[PDB]
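To start, the structure under review is shown below, and the notes come after it.
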Amino acid sequence: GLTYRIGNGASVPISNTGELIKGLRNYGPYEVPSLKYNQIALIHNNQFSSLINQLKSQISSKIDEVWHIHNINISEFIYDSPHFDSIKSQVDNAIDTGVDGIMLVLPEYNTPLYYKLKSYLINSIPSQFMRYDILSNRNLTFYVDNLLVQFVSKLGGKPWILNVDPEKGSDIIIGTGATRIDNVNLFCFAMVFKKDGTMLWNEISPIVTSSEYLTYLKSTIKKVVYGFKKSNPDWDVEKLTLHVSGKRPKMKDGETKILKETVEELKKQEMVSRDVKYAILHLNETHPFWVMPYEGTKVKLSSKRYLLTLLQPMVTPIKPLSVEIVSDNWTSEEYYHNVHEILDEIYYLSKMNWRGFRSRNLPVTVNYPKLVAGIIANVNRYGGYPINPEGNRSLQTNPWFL
Amino acid sequence: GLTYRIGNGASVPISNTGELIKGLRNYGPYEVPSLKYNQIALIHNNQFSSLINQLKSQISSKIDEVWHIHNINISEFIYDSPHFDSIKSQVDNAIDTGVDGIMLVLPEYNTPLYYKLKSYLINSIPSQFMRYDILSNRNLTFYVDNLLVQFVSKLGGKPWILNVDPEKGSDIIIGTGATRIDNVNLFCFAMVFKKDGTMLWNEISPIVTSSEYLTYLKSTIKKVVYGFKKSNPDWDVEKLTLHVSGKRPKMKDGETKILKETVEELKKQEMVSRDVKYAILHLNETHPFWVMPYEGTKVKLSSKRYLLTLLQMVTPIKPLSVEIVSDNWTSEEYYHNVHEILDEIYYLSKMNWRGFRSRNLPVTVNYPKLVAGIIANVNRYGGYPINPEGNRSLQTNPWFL
DNA sequence: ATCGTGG
DNA sequence: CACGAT
DNA sequence: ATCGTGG
DNA sequence: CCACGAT
Ligand SMILES: C[As](C)(=O)[O-]
Ligand SMILES: C[As](C)(=O)[O-]
Ligand SMILES: C[As](C)(=O)[O-]
Ligand SMILES: [K+]
Ligand SMILES: [Mg+2]
Ligand SMILES: [Mg+2]
């Protein structure tokens, strides 16, 4: 069956959180982050809290024993007033001391405060936020376990990758599309993935109106491929897949036309192979159902329309995923072989999730853009610091949205 | 798993034609028809041909050895020309000699001629048509074997029934609804089935306009239950299910209202138990797909909407949508009954007396479609009007196979 | 904002 | 807004 | 119209 | 609509 590759050449089965954590303890993550200061800051508001003391102690021991990040110092900073300027002051003090990342405890679920601060941190340094009011002894082990998966990832580590056949699937997968943040405004995104689930590069457009969609969809995709290719100049792309997703303008024929043009221009510029084999797929979550056997089940609805019956992580809930081939340059002879590889690849990618230990059972090429969209929409709604990925190698190559 | 009951208390697995045929050889069908003349007529226009001769000897040996119908004689009648008048002449000659059924060989595909003759035969005597031109290419063995399943059924035999649990399922299933034969015209149907898949009674309305749909739906259903109850005075109808299907007017709210009323009125008249538990279901064939077993699998789409993955390298699925549009049930028994009605529908999908190969579509949906095909084409090519109401053999035999 | 999922 | 996850 | 299916 | 397949 499918397995995750972790450190020292080890692999562990999927769908088993306990064996994955024990694997990390024994062998380390697939890639330990390389840190510059060996220092992280814990910023909080309860200098004498027993729960804060337990949290810091668990963070310290699991970073060392689970993630094999050794000899990290955790420095503490306390803010007085639970308001933006007071907290930002401590964030700035921490940044001025030399830290690799900031772990920031906020009092409660104050949404405008959260997004103003989170937008500031994303623009400054890797960060992991936490809620003081939600901490609890009962949940602290699970809380810290999962929190560190995404924090290590935000520091540039690679917790685990998918073990996949190097001879099958795509050389890169581009998750692309757009997300409306209200009835008029939207932003485009383009993320490059390796078939083992790792994100290589990501770009987002500025917020624009729907009438600007096709223009920025092409330029955003070209920017992400230029960035991938500049930093991976020998990565040959002979087989390419686009996974298109998001709530976006109804324009299907014209979107597909522009996506083909974009690939054709990338071929002309030698960004992918001049004889790249590619397909453009629409991925859509469809209405769940319950069976009254489907792990990795592929359903053919027509030559171009498929359903992947993804299990939800009496009745067995199913969270189906619709997969439409809207364009491809495949031969009739290789078509159904290629169909099986791209559907398998989608199923494998649905096992990749660096938000925490449990799989989301949704392809990372769809899921990570939804995370980005949540942040971009709310930062705009609550007037935070705009997030500018281009020209920021840290934002382009790290999963800051987890 | 599921089995078919055949003769002499024997049962054979479903999904296995070879064992079904052998089982019939050893034990006979569930019910051998009782014939009045022990005579079948073969009517054709190929006298002294040898393809006719081996057809007749395959028919002769198989009705005897597979169907256990002993001592049958087959008489031949030759018509001089492949036209209605000439053939009708020999049909009439055969009927006057006293025969239990007619096997009629036509020379080629001739749709007006076929529906003229079939509608005449349906109004006269059990019949089976055959085409001489495609008989020459086919493997006669498979041809006659399947031919005889439906001919024996049209003569009133029961090849096999479903083995089902007498304490589970509906006491009767009424498959009802209507089918359009063009953009404006339709007819209603209502067929009463036992849970073992056997048809007890059928009625059809005359062809009417869509605007007449609801009035003839209630009347067609009342007629089928009256007819069934007069022939089964002692049958206690305490659990009733309706399977509504067919390409019909889009009047779901009004149709449901009408059906609920009909069931109510039937309770007043003691056609069904004062305490009858009933449910009204819409059955709809949905678009086929392929899995790249589902045998008996049930999918819930919502609390009232279900999907059966009927089976019919890829696995072709012919799904059936099942929506519960009304029911009598308490919330305590509700999900117990849902599983009962969905199993029952799966079971009914194994009943097909058109040949040996199951059609994997419930008989409450399939047989109305067979009827619709005949009614639509008799009206389009001007055959003899078909109505069972004044004809017990049409009301109680699968003339439409 | 540890997450997710079923209300 | 509840609660369970290894 | 053996009947089904699939291209 | 033509053509294989089925026990
Ligand atoms: C091989 As095809 C059904 O896409 O022409
Ligand atoms: C958070 As601001 C003042 O850059 O919109
Ligand atoms: C009822 As007629 C076939 O004689 O028109
Ligand atoms: K008949
Ligand atoms: Mg997060
Ligand atoms: Mg027939």
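In what follows, every chain begins at residue 1, and chains take the letters A, B, ... in the order their sequences are listed. Scope of the values below: all heavy atoms of this structure, side chains included, with no hydrogens, waters or symmetry mates.
Per the geometry, CG belonging to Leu42(B) stands 14 Å off P belonging to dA1(E), to the nearest Å. Between the CZ atom of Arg357(B) and the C1' atom of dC3(E) there is a distance of 11 Å, given to the nearest Å. Rounded to an integer number of Å, the gap from CZ of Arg131(A) to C1' of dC1(D) is 11 Å. Atoms CG (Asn146(B)) and P (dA1(E)) sit 13 Å apart, rounded to a whole Å. Distance OH (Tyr132(B)) to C1' (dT2(E)): 17 Å, rounded to an integer number of Å. As a whole-Å value, the separation of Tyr143(B) OH from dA1(E) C1' is 7 Å. Going from atom CG of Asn360(B) over to atom P of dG4(E) covers 11 Å, rounded to whole Å.
Distance noted for atom P between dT2(C) and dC1(D): 15 Å (whole Å).
Looking at heavy-atom distances under 4.0 Å, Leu401(B) makes contact with sugar-phosphate atoms alone, never a base. Counting non-hydrogen atoms under 4.0 angstrom, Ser127(B) reaches the backbone sugars and phosphates but no base. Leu106(A) comes within 4.0 angstrom of no nucleic acid atom, judged by non-hydrogen atoms across all strands. Residue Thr111(A) is classed as a base contact, given a heavy-atom separation below 4.0 Å to a base. Among the heavy atoms of the strands lying under 4.0 Å from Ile134(A) is at least one base atom, whether or not backbone atoms are also near. Within the 4.0 angstrom heavy-atom criterion, no nucleotide atom of any strand lies near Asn16(A). Residue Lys62(A) is out of contact with every strand shown, counting any heavy-atom pair closer than 4.0 Å.
Minimum atom distance to the side chain of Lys154(B) is reached by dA1(E), of the listed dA5(D), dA1(E), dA1(C). If you check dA1(E), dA1(C), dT6(D) against the side chain of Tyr115(B), the one that comes closest is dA1(E). Side-chain proximity of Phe142(A) to the nucleotides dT6(D), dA1(C), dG4(C) is greatest for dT6(D). Closest contact between the side chain of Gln150(B) and the listed nucleotides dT2(E), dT2(C), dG6(C) involves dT2(E). In the set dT6(D), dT7(F), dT5(C), the nucleotide with an atom closest to the side chain of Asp145(A) is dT6(D).
Distances shown here put every side-chain N or O of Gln312(A) at or beyond 4.0 Å from the OP1 or OP2 atom of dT5(C). For the pair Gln128(A) and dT2(C), the criterion of a side-chain N or O lying under 4.0 Å from OP1 or OP2 is not met. In terms of phosphate contacts, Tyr109(B) brings no side-chain nitrogen or oxygen within less than 4.0 Å of OP1 or OP2 of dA1(E). When the side-chain nitrogen and oxygen atoms of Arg360(A) are compared with OP1 and OP2 of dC3(C), none of them lie within a distance under 4.0 Å. Between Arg354(B) and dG4(E) there is a side-chain N or O to OP1 or OP2 distance below 4.0 Å. For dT6(D), the OP1/OP2 oxygens have no side-chain nitrogen or oxygen of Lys22(A) closer than 4.0 Å.
Shown are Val105(B), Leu147(B), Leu104(B); of these, the side chain to side chain contact (heavy atoms under 4.5 Å, CB included) with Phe129(B) is made only by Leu104(B). Checking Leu310(B), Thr309(B), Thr286(B) one by one against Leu320(B), the side chain to side chain contact (heavy atoms under 4.5 Å, CB included) holds for a single residue, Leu310(B).
The pair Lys22(B)-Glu19(B) does not meet the salt-bridge criterion, since no charged nitrogen lies less than 4.0 angstrom from a carboxylate oxygen. Using a cutoff of 4.0 Å between basic side-chain nitrogens and carboxylate oxygens, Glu285(B) and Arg359(B) are not scored as salt-bridged.
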Sort me out a list of protein N/O and nucleotides 1-5 of chain F N/O pairs below 3.5 Å, or just none if empty.
unit_1 : atom_1 : unit_2    : atom_2 : d
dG5(F) : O6     : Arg138(B) : NE     : 3.4

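With sequence neighbours left out, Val152(A) forms a side-chain contact (heavy atoms from CB on, under 4.5 Å) with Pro33(A), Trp67(A), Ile69(A).
Ring pair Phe84(B)/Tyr79(B): centre-to-centre distance not below 6.0 Å.
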Task: Intra- and interstrand pairs of DNA chain D - dot-bracket, Watson-Crick/G-U under 3.5 Å, | marks other strand - done: |.|||.

